[PDB]
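Structure record follows, encoded as structure tokens.
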Amino acid sequence: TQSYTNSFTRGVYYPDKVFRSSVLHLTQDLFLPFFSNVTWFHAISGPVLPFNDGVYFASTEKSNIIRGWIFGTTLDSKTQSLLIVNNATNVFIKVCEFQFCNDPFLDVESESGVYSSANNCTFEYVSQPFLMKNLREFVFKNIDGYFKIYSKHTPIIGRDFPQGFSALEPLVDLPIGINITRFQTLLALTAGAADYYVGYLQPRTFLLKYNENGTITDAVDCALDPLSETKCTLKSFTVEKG
Amino acid sequence: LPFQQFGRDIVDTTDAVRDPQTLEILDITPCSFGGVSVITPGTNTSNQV
Ligand SMILES: *[C@@H]1O[C@H](CO)[C@@H](O)[C@H](O)[C@H]1NC(C)=O
Ligand SMILES: *[C@@H]1O[C@H](CO)[C@@H](O)[C@H](O)[C@H]1NC(C)=O
Ligand SMILES: *[C@@H]1O[C@H](CO)[C@@H](O)[C@H](O)[C@H]1NC(C)=O
Ligand SMILES: *[C@@H]1O[C@H](CO)[C@@H](O)[C@H](O)[C@H]1NC(C)=O
Ligand SMILES: *[C@@H]1O[C@H](CO)[C@@H](O)[C@H](O)[C@H]1NC(C)=O
């Protein structure tokens with residue numbers, strides 16, 4: 001099932017590790033435009049989800065059936081594909097070519113239920129798993145080969161998409177460069193339902209605000225409405241009459 | 001911040017840095033500089049300055 005909901009003012013992450021104090025720094029980078037369309041995939045029991053320069057992901061279910069992601073070009077044994085599985089104890093990262101299975105899924109816990117075979121697979125990396133009423137936000141983008149994942153865990157209210165402001169801190173990075181064109185989530189599995197949101201990132205310009213502690217508190221999306229353009233031109237959050 | 005180590009002033013210059021070995025916060029200040037002025041009466045009066 002598919003629907004549409006307003007993106008509101010969510011999807012802001014720290015662009016770097018540079019400390020700033022009481023600054024209104026203006027950054028030009030990839031972000032999620034304010035008040036956009038996010039495809040709400042809810043109650044799917046059993047798609048494609050084409051991958052671009054940047055994507056978005058958020059979920060709040062406690063069923064733990066949502067885990068892992070697949071990246072690649074054709075999802076075939078003729079082209080290398082990046083498979084990431086964040087299971088309970090660690091995370092699996094590998095670059096391998098295979099025909100996969102009938103449907104890539106974790107046979108609850110046979111990882112062979114996703115991939116059928118392997119090829120030249122010199123690279124293999126294992127790290128701390130991402131898992132550690134609540135809302136989980138993630139940002140997956142691949143720039144100049146480097147794979148960056150930003151995440152944050154916040155206590156949600158209810159089960160619908162809430163409001164408010166919260167910035168995402170970077171967690172991991174990896175310099176593995178391969179042709180990535182399509183991505184698809186993984187479900188471990190008798191019927192059921194699941195809910196998650198997908199957004200697309202575009203190159204925009206923002207006006208971040210750092211408090212005295214260096215924490216992001218507010219942002220302004222330039223080129224959205226004339227007031228935002230005025231604020232970005234003045235580099236201020238309050239405008240006098242004129 | 002736990003993941004931040006660099007510093008930045010109002011515009012473009014570093015003013016803080018974190019010690020790579022131990023978790024320390026310390027500033028950076030450029031070494032002193034300035035102009036030099038000479039005070040003197042006329043050479044028809046004296047030669048000390
Ligand atoms: C999303 O797309 C619909 C048309 O498909 C459009 O009417 C709407 O303004 C767009 N934005 C939001 C926030 O719904
Ligand atoms: C990468 O994948 C795209 C999508 O299938 C394909 O068109 C392209 O030829 C592949 N290789 C390069 C170098 O882009
Ligand atoms: C979870 O991932 C770790 C990573 O090495 C692996 O050792 C472990 O077997 C996995 N758990 C299961 C149940 O397969
Ligand atoms: C395996 O070898 C082929 C032969 O050129 C190469 O194209 C492919 O990238 C290799 N696989 C990996 C994971 O490097
Ligand atoms: C930053 O530190 C100051 C001084 O302790 C504190 O008042 C402020 O609340 C802190 N801001 C945070 C933790 O976001």
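The count begins at 1 with the first shown residue.
Per the header: electron microscopy, 3.0 Å.
For all residues, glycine too, the Cβ spot is worked out from N, Cα and C.
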Disulfide-bonded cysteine for A:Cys121 as listed in Swiss-Prot, from A:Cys96, A:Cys222: A:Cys96
Region 'Putative superantigen' according to Swiss-Prot, located in which of A:57-78, A:211-232: A:211-232
Sequence-ordered recorded positions from A:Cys96, A:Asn120, A:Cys121, A:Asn213, A:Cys222 with Cβ under 6 Å of an atom of ligand 5: A:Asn213
DSSP-derived structure type at A:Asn37 (N-linked glycosylation site), helix or strand or else coil: strand
Most Cβ neighbours inside 10 Å, all chains, among the glycosylation sites A:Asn87, A:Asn120, A:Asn179, A:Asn213: A:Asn87
From recorded positions A:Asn37, A:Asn87, A:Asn179, A:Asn213, A:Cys222, the one whose Cα lies nearest A:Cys121 (disulfide bond): A:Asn179
Long-range environment of the expression tag (A:1-3) - Cβ separation under 8 angstroms, sequence gap at least 6: 39-44
